[PDB]
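Peer 1: Here you go, one structure.
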Amino acid sequence: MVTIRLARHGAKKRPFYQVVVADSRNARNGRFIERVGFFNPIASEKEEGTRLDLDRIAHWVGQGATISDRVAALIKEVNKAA
Amino acid sequence: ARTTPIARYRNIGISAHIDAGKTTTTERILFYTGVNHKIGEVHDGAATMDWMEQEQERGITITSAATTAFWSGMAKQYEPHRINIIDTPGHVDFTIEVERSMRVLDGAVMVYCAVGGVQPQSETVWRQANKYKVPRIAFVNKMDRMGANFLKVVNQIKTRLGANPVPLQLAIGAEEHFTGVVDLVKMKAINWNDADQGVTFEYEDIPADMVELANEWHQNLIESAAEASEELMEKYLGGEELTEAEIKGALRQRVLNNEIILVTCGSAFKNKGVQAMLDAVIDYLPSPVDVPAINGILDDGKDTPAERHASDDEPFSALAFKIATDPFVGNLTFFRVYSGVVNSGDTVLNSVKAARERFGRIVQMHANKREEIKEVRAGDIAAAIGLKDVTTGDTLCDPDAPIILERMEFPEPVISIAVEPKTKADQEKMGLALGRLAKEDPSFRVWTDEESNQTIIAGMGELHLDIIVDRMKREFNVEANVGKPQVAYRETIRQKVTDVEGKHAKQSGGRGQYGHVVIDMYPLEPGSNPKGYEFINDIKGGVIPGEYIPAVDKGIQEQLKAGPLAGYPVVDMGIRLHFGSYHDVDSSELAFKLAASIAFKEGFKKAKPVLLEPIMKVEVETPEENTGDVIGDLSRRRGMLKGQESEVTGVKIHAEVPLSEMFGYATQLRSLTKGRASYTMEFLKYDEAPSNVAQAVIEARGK
Amino acid sequence: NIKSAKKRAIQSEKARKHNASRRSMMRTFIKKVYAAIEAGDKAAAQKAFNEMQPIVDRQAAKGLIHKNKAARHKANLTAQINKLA
Amino acid sequence: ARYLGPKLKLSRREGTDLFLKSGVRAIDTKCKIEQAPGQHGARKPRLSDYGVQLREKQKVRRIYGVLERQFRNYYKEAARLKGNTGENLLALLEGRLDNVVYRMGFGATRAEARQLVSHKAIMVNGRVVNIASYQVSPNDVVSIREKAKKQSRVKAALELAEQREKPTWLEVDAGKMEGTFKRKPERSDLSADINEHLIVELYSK
Amino acid sequence: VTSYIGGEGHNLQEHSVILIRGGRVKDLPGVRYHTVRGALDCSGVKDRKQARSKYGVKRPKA
RNA sequence: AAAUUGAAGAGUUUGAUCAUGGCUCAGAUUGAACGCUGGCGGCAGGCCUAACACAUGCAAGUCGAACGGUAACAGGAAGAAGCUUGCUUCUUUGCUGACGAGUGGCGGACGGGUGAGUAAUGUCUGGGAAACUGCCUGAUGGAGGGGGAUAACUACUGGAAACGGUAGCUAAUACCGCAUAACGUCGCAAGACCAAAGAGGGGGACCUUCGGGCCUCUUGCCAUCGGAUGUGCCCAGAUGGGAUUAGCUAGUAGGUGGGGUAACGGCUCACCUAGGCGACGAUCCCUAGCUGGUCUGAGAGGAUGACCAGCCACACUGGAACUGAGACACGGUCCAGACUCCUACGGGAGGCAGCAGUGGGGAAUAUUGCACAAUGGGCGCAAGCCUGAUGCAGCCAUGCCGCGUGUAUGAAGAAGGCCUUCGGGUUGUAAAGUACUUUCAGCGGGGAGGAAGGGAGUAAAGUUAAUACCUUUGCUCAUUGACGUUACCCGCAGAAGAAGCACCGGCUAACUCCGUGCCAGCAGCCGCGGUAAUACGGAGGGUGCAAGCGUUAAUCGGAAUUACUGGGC
Ligand SMILES: Nc1nc2c(ncn2[C@@H]2O[C@H](COP(=O)(O)OP(=O)(O)O)[C@@H](O)[C@H]2O)c(=O)[nH]1
């Protein structure tokens with residue numbers, strides 16, 4: 001089940017997660033088949049402080065992946081209805 | 001919340017003379033409450049209170065280990081109470097274990113033998129109980145043995161220790177006719193069952209062979225209890241006997257106020273009387289709150305700076321009274337929660353040692369087994385694990401400061417020897433175990449020596465150091481073969497001044513510059529200058545350079561500390577200086593100092609100082625039975641003696657003895673007076689004596 | 001054991017007994033057919049094959065062996081039977 | 001971390017004037033600035049090649065108040081940058097917030113300027129910077145953060161700030177107490193007394 | 001292996017522990033190990049005032 | 001557009017030179033150690049050796065929306081204790097929430113630790129066919145019908161402790177056979193054979209044994225072909241040294257046949273062939289986890305596997321398999337061996353290379369800490385639980401970076417030190433003095449962000465047959481932060497509460513005096529010291545570096561000193 005979750009790269013008291021498509025087996029920072037876009041929760045003015053890659057996310061979720069809660073909410077946002 | 005109200009707690013101590021049956025009675029109590037099967041004995045080591053393997057083999061309880069149970073007085077065997085017994089040892093060597101324990105209990109059942117009555121160690125723990133007014137009852141153990149009597153023991157306690165004992169029991173049968181106990185409150189005679197089946201009671205009628213004496217001590221108990229308060233006196237004066245409940249409450253108040261001591265009989269080996277002693281534990285000893293409220297103090301002393309009491313709401317305020325050595329987690333600190341509630345991992349501010357501590361775990365005990373429990377509340381003894389800074393006697397509390405608990409007292413050791421491991425490489429691996437042991441035990445002081453490189457230690461008897469040396473070999477696997485401490489001889493001239501010089505210069509071929517000084521060797525009487533060195537200047541010829549005179553005294557200082565006799569610091573010595581030679585150029589003080597070296601070493605040796613040996617001021621207080629005998633031993637040693645004054649309970653005798661001889665003096669002292677002597681050894685003077693032991697250091701190095 | 005793996009060991013042992021039983025039935029019938037083959041009686045052989053075929057298919061569907069194992073078995077036996085002629 | 005100790009000792013050992021003290025009165029009337037600080041300064045040391053290299057680098061270091069650590073980094077970067085390494089080093093040395101503060105005034109010497117910059121009494125374009133090594137970018141107002149005025153030492157320093165060249169990169173307002181940063185100060189915009197190629201060869205040795 | 005004992009005046013008996021650091025002696029034949037002065041009862045040289053870290057002396061207070 | 005603009009030398013053999021020639025030095029770097037010293041802050045780092053033995057607390061549970069049910073807590077119903085028919089609580093009652101234990105399903109084979117083993121069964125690079133693949137997804141259908149136990153239990157009996165029995169039942173998605181199933185399996189076909197589980201949510205119709213049925217919807221199950229993820233297998237090449245290691249190998253290499261694995265295969269068996277590996281190093285021996293990369297280097301190259309990540313092997317040692325999709329399984333099984341602990345003496349339990357921590361080894365490396373608040377992960381429909389992963393914290397200058405230990409002024413050049421040609425020079429504007437400020441740490445107040453979500457109430461369509469149940473989208477309301485006294489801001493008094501270490505003979509930057517006389521001693525090489533020591537030690541003074549300084553160890557360079565670029569007889 002290829003989960004699409006956040007990877008928590010970065011530093012202490014300064015998260016910078018990373019949207020990754022990986023098997024739900026491997027670790028958080030672990031192996032992934034691809035990463036698709038980044039996310040930062042303390043970016044004041046940066047690249048939206050958030051980015052997804054909707055084409056590749058569509059590729060995966062259509063071919064049979066799943067989506068974690070944070071990546072799902074981030075897509076709910078990038079789809080600018082809310 | 002808490003499993004039981006406070007009135008169900010009874011914190012009692014078991015303490016007595018050696019071998020009086022403390023551990024046997026404790027194991028019987030544990031069995032009769034059911035945490036132990038197989039009543040077990042001690043001479044076969046199988047008892048569970050004994051774990052350290054020394055008391056397994058040697059069959060002598062060496063250290064206290066608290067233990068809990070559920071025995072009950074109201075409809076006994078039901079409505080359980082919490083009896084926290086502390087099996088303390090009774091050895092004079094381990095009286096420190098009694099000291100800290102007696103200071104941490106709210107009551108304690110004293111054990112007496114029916115063969116000897118009180119014994120010197122019991123007269124000791126009696127002082128250690130009056131020291132804190134610890135309420136207490138008596139348990140006359142070993143009635144089953146030959147020549148054992150009860151009324152004689154009662155008279156013994158009445159007459160010798162000074163108390164008032166009242167029979168709560170009278171015994172049916174003395175030696176082997178002992179079949180049970182008759183009472184003076186229930187007024188019914190209990191005949192216990194056969195071997196190891198004494199769990200039962202078989203309440204039975206009082207036999208007529210003892211009805212009259214039972215009646216006599218019954219009425220005596222009645223009037224002695226009515227002595228507690230007025231409303232118990234007139235009711236009795238009206239021709240009516242009080243009843244069980246009010247007699248029990250009145251006597252119990254007497255025990256609270258520390259006026260009386262109750263005696264119960266039994267034979268912990270024939271399994272008789274143990275339960276009926278537990279009956280007294282319940283019915284008369286104070287509960288944690290029945291005791292007057294603990295005297296807490298703030299950072300300053302008042303009458304009531306911190307009025308603390310046993311409550312689940314009161315601040316957590318307790319007394320860390322016992323440390324223990326654990327190899328696994330480092331230490332293991334007992335503590336008796338006087339007030340409040342504390343939990344695992346919770347904080348605690350070490351009010352005395354000026355730090356905050358934490359409770360990695362809180363473990364209550366089954367004599368060794370550390371029961372893992374969440375929290376401990378008031379009146380409930382527990383052992384804290386992991387807290388680093390705390391030692392014995394410290395006080396642990398919340399940030400609201402009942403900081404000052406009253407005691408910081410512990411006795412002074414009397415025996416001292418030195419130790420040495422398999423080789424002098426393991427000396428730190430030895431001092432480490434020594435540090436652990438000295439942080440665990442207050443009376444035992446590891447005493448690093450400065451005069452020699454040996455490590456000497458001090459204890460309170462041949463046996464205490466003996467457990468320590470084996471416990472060191474056993475728990476800390478470094479064996480130390482022992483010897484005597486080295487002596488501390490010294491040097492100083494008698495009275496006479498002797499004129500001497502020492503001459504040698506340097507630069508005949510262009511070299512650096514020289515020194516030269518004349519000196520005269522005057523001593524002062526032993527104890528004249530409190531500063532061990534006194535100087536008077538008399539330079540008038542060949543006046544040594546203006547920045548060199550003080551360095552001349554400071555260089556003869558080296559020669560003083562050197563002590564050209566056998567290496568020993570010369571004491572009270574004085575040197576006076578007259579002559580020399582100089583120019584208005586840069587001479588060398590070091591040459592004056594070597595010059596002064598030759599001068600010192602010749603003039604002292606020819607002025608004939610004295611080679612003194614350490615002589616200690618001794619004080620010994622011993623009963624009037626063996627005053628002559630102990631003085632005789634002292635005179636056979638080197639007897640110099642001070643005087644004689646009759647104390648209330650003995651004689652005041654001081655003396656002067658050599659430290660070269662007082663080494664093993666403690667065991668011999670106590671053996672000469674049954675251990676009823678008190679004494680401390682301290683220094684008074686150094687002095688000479690005709691002895692051919694005076695050349696050991698001279699043999700190792702020097703003239 | 002210290003954990004809830006005890007329940008798993010117990011369930012695994014129960015399943016061991018059971019899978020041993022079913023596997024034993026399968027292999028009993030397979031030895032039946034192999035005897036019929038080594039003998040030379042073709043009609044008896046095909047009878048034994050039809051006796052075992054539903055068992056082994058049911059078992060593979062039960063997962064005790066794998067569909068490839070059942071198919072390999074039936075293939076081996078059908079081939080050697082038609083060779084028996 | 002800041003160089004604690006005598007200042008004219010440094011300036012006099014290096015011989016040349018490095019402005020460690022406030023340029024108020026004079027230098028040779030207060031210290032006999034021709035000879036080493038030691039009692040052996042009357043002697044003339046020969047100062048071979050490595051002598052002159054260490055002396056040059058120590059001159060620039062004592063002028064700017066940066067230490068050999070973070071100075072090796074001021075070489076690491078400004079060598080990483082494309083172009084002349086010595087000139088890029090002087091660029092990043094000039095852009096230091098203390099240097100720009102002193103050069104716009106506010107403090108008669110680098111030490112007073114650093115005490116200011118570190119006492120939370122400056123505001124690089126609105127933001128209080130307490131970092132004496134804040135590398136200032138071009139096009140930045142310095143905004144001395146009023147209530148850092150009215151102490152009279154910054155005023156005396158602003159008075160003494162003239163008789164000195166108004167540097168061609170500073171454009172300090174001088175009276176509302178701010179200052180733009182037009183462009184990175186050139187190497188030619190500097191004293192030309194300091195051989196940056198000496199420092200470059202010293203560190204690339 | 002062998003070992004130098006630097007500094008002025010040592011106190012190393014037949015069974016005292018010492019620490020060993022590198023660095024030969026360049027004139028003593030075959031001695032290639034300086035005894036680390038001031039560690040494990042191999043106490044530092046006494047009455048020193050310059051270069052105390054090497055040779056293990058406590059900084060005097062004054 | 002930038003993806004680089006990057007290569008230094010000296011001391012040292014000789015009376016002296018030149019050259020080969022080795023030793024050492026300045027540089028960068030470290031899981032570092034130790035001595036001296038030591039203020040803060042941020043971010044990283046922390047048992048390299050004994051894969052040595054381990055106390056203890058935790059490191060894996062979840063699911064009632066699978067079942068029987070009721071251990072505990074309650075929502076509960078009827079009462080004649082209590083009692084003023086109860087607001088002043090007695091019990092039968094799984095009826096409902098909820099749930100001990102049990103059955104069952106899913107996980108436990110993940111996450112995490114170590115580098116012993118491993119020279120090729122591996123790793124990396126690039127391909128391949130002889131396959132599997134739970135949970136995840138697309139599609140297509142089925143989802144008759146019934147029975148046999150058994151747990152829990154109950155009774156009785158052991159366990160004189162722990163830990164087990166003999167009979168009696170009763171449920172389920174547990175299990176078993178028949179019905180059926182085909183583009184599924186076998187078979188050239190002909191032909192035969194194959195499976196399944198139900199639960200939950202609502203309710204208008206209508207029959208009921210108030211159990212429900214029934215029309216719904218949400219989930220779930222079986223089978224079949226795909227997608228994806230993970231995984232198994234094969235090949236070519238590289239992946240340390242030693243030939244003072246020249247032969248090695250009978251399942252050994254292959255053919256045929258049988259068997260076996262999910263899969264191809266000497267994986268195995270049985271014949272038959274006599275082959276196969278090898279100087280391109282077979283075999284043997286020592287050593288070693290490989291790699292992305294790290295230190296260095298200008299580059300080729302040298303050394304290396306600390307951190308983070310991928311692969312592999314391992315989980316007290318040796319051997320084996322059981323369930324399973326996945327293991328030959330760290331906190332599962334079983335046996336042998338060692339060890340440990342409990343034993344009531346009849347027995348039984350355990351495996352820190354998980355996190356903490358102990359003891360031992362070492363020179364050396366941390367608390368028996370805080371919480372799921374983020375991220376995750378398992379289970380669950382979800383709330384919700386577990387999480388020593390994780391997020392944080394505590395210790396240590398272990399490292400990298402930033403900052404301060406005040407700033408200006410000041411010639412009575414104070415004192416005093418030291419030197420001296422005896423006038424003075426230098427410490428030195430240095431301190432004292434004078435004014436200015438408060439960074440940092442200390443107090444006091446104020447205060448972001450890490451917070452996404454999920455709960456209840458509500459509306460829109462979507463659903464049906466119902467506008468009911470439920471996705472799903474908004475809406476309003478209370479809220480979910482360990483760190484934590486966060487970062488930070490501002491105020492409070494004062495310059496206080498905060499500088500050391502090494503070197504100073506040439507290499508090298510920094511020189512004089514006293515004390516020592518080949519003694520004490522120093523030292524990286526050259527050497528210094530035997531009376532005028534810039535070379536020992538101290539003083540003064542200076543030079544470097546600065547919360548470090550120095551020493552040692554270690555890789556590389558400089559070493560064109562293994563020279564392929566880049567050397568010689
Ligand atoms: N006869 C008799 N002997 C006793 C009794 N209690 C203890 N002992 C004996 O005393 C010896 C040691 O007893 P112990 O428990 O060591 O006494 P403790 O040293 O005071 O605890 C054993 O041999 C017992 O047999 C008693 O009540 N009666």
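Naming works like this for the structure tokens: A, B, ... for the chains as they're shown, residue 1 at the start of each chain, ligands 1 onward in shown order.
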List all protein, DNA and RNA residues that have an atom no more than 10 Å from any atom of ligand 1, counting only C-alpha atoms (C1' of nucleotides) and all ligand atoms, and report them as a PyMOL selection string.
Peer 2: chain B and resi 14-27+41-45+47+49-50+55+58-62+87-91+111-114+140-146+175+265-274
Peer 1: Should the cut-off be 10 Å, what would the residue list for chain B against chain E look like, counting only C-alpha atoms, as a PyMOL selection string?
Peer 2: chain B and resi 423-428
Peer 1: For the residues in the current selection, export N, CA and C atoms as a PDB file, in the first residue's frame.
Peer 2:
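Contents of the output file selection14.pdb:
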ATOM      1  N   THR B 423      47.266  -6.293  45.125  1.00  0.00           N
ATOM      2  CA  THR B 423      48.430  -5.508  44.745  1.00  0.00           C
ATOM      3  C   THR B 423      48.059  -4.037  44.762  1.00  0.00           C
ATOM      4  N   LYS B 424      49.082  -3.192  44.883  1.00  0.00           N
ATOM      5  CA  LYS B 424      48.874  -1.752  44.959  1.00  0.00           C
ATOM      6  C   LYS B 424      48.445  -1.141  43.631  1.00  0.00           C
ATOM      7  N   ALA B 425      48.129  -1.953  42.625  1.00  0.00           N
ATOM      8  CA  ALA B 425      47.506  -1.402  41.431  1.00  0.00           C
ATOM      9  C   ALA B 425      46.017  -1.163  41.642  1.00  0.00           C
ATOM     10  N   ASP B 426      45.352  -2.014  42.418  1.00  0.00           N
ATOM     11  CA  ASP B 426      43.910  -1.943  42.590  1.00  0.00           C
ATOM     12  C   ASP B 426      43.488  -0.956  43.664  1.00  0.00           C
ATOM     13  N   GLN B 427      44.340   0.012  43.994  1.00  0.00           N
ATOM     14  CA  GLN B 427      44.044   0.883  45.122  1.00  0.00           C
ATOM     15  C   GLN B 427      42.825   1.756  44.863  1.00  0.00           C
ATOM     16  N   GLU B 428      42.619   2.202  43.625  1.00  0.00           N
ATOM     17  CA  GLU B 428      41.397   2.950  43.354  1.00  0.00           C
ATOM     18  C   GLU B 428      40.184   2.032  43.347  1.00  0.00           C
TER      19      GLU B 428
END
Peer 1: Give me the residues within 12 Å of residue 211 (chain B) as a list in words, counting only C-alpha atoms (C1' of nucleotides) and dropping any in the same chain fewer than 2 places off.
Peer 2: residues 170, 171, 172, 182, 183, 184, 187, 188, 189, 205, 206, 207, 208, 209, 213, 214, 215, 216, 217 and 218 of chain B
Peer 1: Those residues you just picked out, can you put them in a file as a tab-separated table (two decimals), in the first residue's frame with N, CA, C and O atoms?
Peer 2:
chain	number	residue	atom	x	y	z
B	170	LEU	N	0.82	-13.53	81.66
B	170	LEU	CA	1.51	-14.37	82.62
B	170	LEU	C	1.64	-15.74	81.97
B	170	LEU	O	0.78	-16.13	81.17
B	171	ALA	N	2.72	-16.44	82.27
B	171	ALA	CA	3.07	-17.62	81.50
B	171	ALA	C	2.61	-18.88	82.22
B	171	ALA	O	2.77	-19.00	83.43
B	172	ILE	N	2.02	-19.80	81.46
B	172	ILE	CA	1.70	-21.12	81.98
B	172	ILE	C	2.88	-22.04	81.72
B	172	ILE	O	3.14	-22.42	80.57
B	182	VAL	N	-1.49	-16.94	79.81
B	182	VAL	CA	-2.71	-16.41	80.40
B	182	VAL	C	-2.58	-14.89	80.41
B	182	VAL	O	-1.47	-14.35	80.50
B	183	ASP	N	-3.71	-14.20	80.29
B	183	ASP	CA	-3.71	-12.75	80.10
B	183	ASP	C	-4.24	-12.06	81.35
B	183	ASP	O	-4.70	-12.72	82.28
B	184	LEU	N	-4.17	-10.73	81.37
B	184	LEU	CA	-4.73	-9.97	82.48
B	184	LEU	C	-5.79	-8.97	82.03
B	184	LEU	O	-6.31	-8.20	82.84
B	187	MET	N	-8.35	-12.15	80.51
B	187	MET	CA	-8.47	-13.01	81.69
B	187	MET	C	-8.78	-14.45	81.30
B	187	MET	O	-9.41	-15.19	82.06
B	188	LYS	N	-8.33	-14.87	80.12
B	188	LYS	CA	-8.47	-16.24	79.68
B	188	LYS	C	-7.11	-16.74	79.22
B	188	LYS	O	-6.27	-15.97	78.75
B	189	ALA	N	-6.89	-18.04	79.36
B	189	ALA	CA	-5.59	-18.64	79.11
B	189	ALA	C	-5.56	-19.30	77.74
B	189	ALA	O	-6.45	-20.08	77.40
B	205	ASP	N	-9.71	-22.49	79.42
B	205	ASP	CA	-9.93	-21.93	80.74
B	205	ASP	C	-8.61	-21.82	81.51
B	205	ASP	O	-7.69	-22.62	81.30
B	206	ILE	N	-8.54	-20.83	82.39
B	206	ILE	CA	-7.34	-20.64	83.22
B	206	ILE	C	-7.24	-21.77	84.24
B	206	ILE	O	-8.20	-22.02	85.00
B	207	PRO	N	-6.12	-22.48	84.31
B	207	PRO	CA	-5.99	-23.55	85.31
B	207	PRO	C	-5.83	-22.97	86.70
B	207	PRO	O	-5.31	-21.87	86.89
B	208	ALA	N	-6.30	-23.74	87.70
B	208	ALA	CA	-6.33	-23.25	89.07
B	208	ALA	C	-4.94	-23.15	89.67
B	208	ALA	O	-4.75	-22.46	90.68
B	209	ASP	N	-3.95	-23.83	89.07
B	209	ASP	CA	-2.58	-23.73	89.55
B	209	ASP	C	-2.03	-22.31	89.49
B	209	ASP	O	-1.08	-22.00	90.20
B	213	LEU	N	-2.26	-16.04	91.33
B	213	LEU	CA	-1.28	-15.08	90.85
B	213	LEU	C	-1.80	-14.32	89.64
B	213	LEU	O	-1.52	-13.12	89.47
B	214	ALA	N	-2.56	-15.00	88.77
B	214	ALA	CA	-3.22	-14.31	87.68
B	214	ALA	C	-4.13	-13.22	88.22
B	214	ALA	O	-4.11	-12.09	87.71
B	215	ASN	N	-4.89	-13.51	89.28
B	215	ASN	CA	-5.76	-12.50	89.86
B	215	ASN	C	-4.95	-11.35	90.45
B	215	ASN	O	-5.34	-10.18	90.33
B	216	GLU	N	-3.82	-11.66	91.09
B	216	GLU	CA	-3.02	-10.61	91.71
B	216	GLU	C	-2.48	-9.65	90.66
B	216	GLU	O	-2.66	-8.43	90.76
B	217	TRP	N	-1.81	-10.18	89.63
B	217	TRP	CA	-1.29	-9.29	88.60
B	217	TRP	C	-2.41	-8.68	87.76
B	217	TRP	O	-2.21	-7.60	87.19
B	218	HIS	N	-3.58	-9.31	87.70
B	218	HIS	CA	-4.73	-8.68	87.07
B	218	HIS	C	-5.12	-7.40	87.80
B	218	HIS	O	-5.24	-6.34	87.18
Peer 1: Tell me the residues of chain D close to chain F, meaning within 6 Å using only C-alpha atoms (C1' of nucleotides), as a PyMOL selection string.
Peer 2: chain D and resi 38-39+112+118-119
Peer 1: Write the selection just made, keeping N, CA, C and O atoms, as an mmCIF file, in the first residue's frame?
Peer 2:
data_model
loop_
_atom_site.group_PDB
_atom_site.id
_atom_site.type_symbol
_atom_site.label_atom_id
_atom_site.label_comp_id
_atom_site.auth_asym_id
_atom_site.auth_seq_id
_atom_site.Cartn_x
_atom_site.Cartn_y
_atom_site.Cartn_z
ATOM 1 N N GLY D 38 57.428 45.850 23.365
ATOM 2 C CA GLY D 38 58.408 45.305 24.269
ATOM 3 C C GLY D 38 59.492 46.311 24.580
ATOM 4 O O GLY D 38 59.705 47.295 23.875
ATOM 5 N N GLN D 39 60.201 46.048 25.675
ATOM 6 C CA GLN D 39 61.370 46.850 25.996
ATOM 7 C C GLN D 39 62.464 46.719 24.950
ATOM 8 O O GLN D 39 63.429 47.486 24.987
ATOM 9 N N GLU D 112 33.549 51.084 20.136
ATOM 10 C CA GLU D 112 32.272 51.693 20.489
ATOM 11 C C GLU D 112 31.190 51.269 19.514
ATOM 12 O O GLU D 112 30.045 51.019 19.911
ATOM 13 N N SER D 118 26.006 45.510 19.399
ATOM 14 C CA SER D 118 25.709 44.333 20.204
ATOM 15 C C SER D 118 24.724 44.638 21.321
ATOM 16 O O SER D 118 24.047 43.724 21.799
ATOM 17 N N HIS D 119 24.610 45.895 21.750
ATOM 18 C CA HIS D 119 23.672 46.238 22.812
ATOM 19 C C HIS D 119 22.237 46.388 22.356
ATOM 20 O O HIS D 119 21.463 47.055 23.047
#
Peer 1: Just how far from CA of residue 19 (chain D) is CA of residue 6 (chain D), in Å to one decimal?
Peer 2: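 Between CA of residue 6 (chain D) and CA of residue 19 (chain D) the gap works out to 13.0 Å.
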Peer 1: Give me the residues within 9 Å of residue 51 (chain A) as a short mmCIF file (atom, residue, chain, number, x, y, z; two decimals) with N, CA, C and O atoms, in the first residue's frame, counting only C-alpha atoms (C1' of nucleotides) and dropping any in the same chain fewer than 2 places off.
Peer 2:
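Heads up, here's the output in result-v3.cif:
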data_model
loop_
_atom_site.label_atom_id
_atom_site.label_comp_id
_atom_site.auth_asym_id
_atom_site.auth_seq_id
_atom_site.Cartn_x
_atom_site.Cartn_y
_atom_site.Cartn_z
N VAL A 19 6.80 15.55 1.11
CA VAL A 19 5.83 14.64 0.53
C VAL A 19 6.59 13.55 -0.21
O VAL A 19 7.41 13.84 -1.08
N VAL A 36 7.29 13.72 -4.17
CA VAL A 36 6.49 14.59 -5.03
C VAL A 36 6.14 15.82 -4.21
O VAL A 36 5.19 15.82 -3.42
N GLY A 37 6.90 16.89 -4.38
CA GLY A 37 6.61 18.13 -3.69
C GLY A 37 7.00 18.16 -2.23
O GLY A 37 7.18 17.11 -1.60
N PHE A 38 7.12 19.35 -1.68
CA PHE A 38 7.62 19.56 -0.33
C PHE A 38 6.56 20.28 0.50
O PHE A 38 5.55 20.74 -0.02
N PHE A 39 6.81 20.39 1.80
CA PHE A 39 5.92 21.14 2.68
C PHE A 39 6.68 21.63 3.89
O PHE A 39 7.43 20.87 4.50
N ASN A 40 6.46 22.89 4.26
CA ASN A 40 7.14 23.53 5.38
C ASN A 40 6.10 24.24 6.23
O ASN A 40 5.36 25.10 5.72
N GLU A 47 7.81 29.43 -0.87
CA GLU A 47 7.04 28.99 -2.03
C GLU A 47 5.70 28.46 -1.55
O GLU A 47 5.52 27.25 -1.40
N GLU A 48 4.78 29.38 -1.26
CA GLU A 48 3.48 29.06 -0.68
C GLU A 48 3.67 28.38 0.67
O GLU A 48 2.69 27.99 1.31
N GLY A 49 4.92 28.27 1.12
CA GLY A 49 5.24 27.40 2.23
C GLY A 49 4.69 26.01 2.08
O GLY A 49 4.47 25.32 3.08
N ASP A 53 2.65 18.06 -6.30
CA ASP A 53 2.84 17.78 -7.72
C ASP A 53 1.62 16.99 -8.18
O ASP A 53 1.63 15.76 -8.19
N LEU A 74 -3.24 18.76 2.45
CA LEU A 74 -2.47 19.67 1.61
C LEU A 74 -3.02 19.71 0.19
O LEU A 74 -3.02 20.76 -0.45
N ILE A 75 -3.51 18.57 -0.31
CA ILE A 75 -4.14 18.60 -1.63
C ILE A 75 -5.49 19.30 -1.56
O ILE A 75 -5.86 20.05 -2.47
N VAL A 78 -4.26 22.91 -1.88
CA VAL A 78 -3.74 23.27 -3.20
C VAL A 78 -4.86 23.33 -4.22
O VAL A 78 -4.89 24.22 -5.09
#
Peer 1: Enter the distance from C1' of residue 452 (chain F) to CA of residue 14 (chain A), in Å, rounded to one decimal.
Peer 2: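 Computing the Euclidean distance for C1' of residue 452 (chain F) and CA of residue 14 (chain A) yields 15.8 Å.
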Peer 1: Applying 9 Å and only C-alpha atoms (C1' of nucleotides), which residues near residue 41 (chain D) remain after dropping the ones on its own chain fewer than 6 positions away? List them as a PDB file with C-alpha atoms, in the first residue's frame.
Peer 2:
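What ended up in out_21.pdb:
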ATOM      1  CA  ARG D  13      53.598  47.071  17.244  1.00  0.00           C
ATOM      2  CA  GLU D  34      57.367  54.009  16.277  1.00  0.00           C
ATOM      3  CA  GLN D  35      58.730  51.102  18.364  1.00  0.00           C
TER       4      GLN D  35
END
Peer 1: Counting only C-alpha atoms, which residue out of A:35, A:30, A:43, A:4 sits closest to residue 72 (chain A)?
Peer 2: A:4
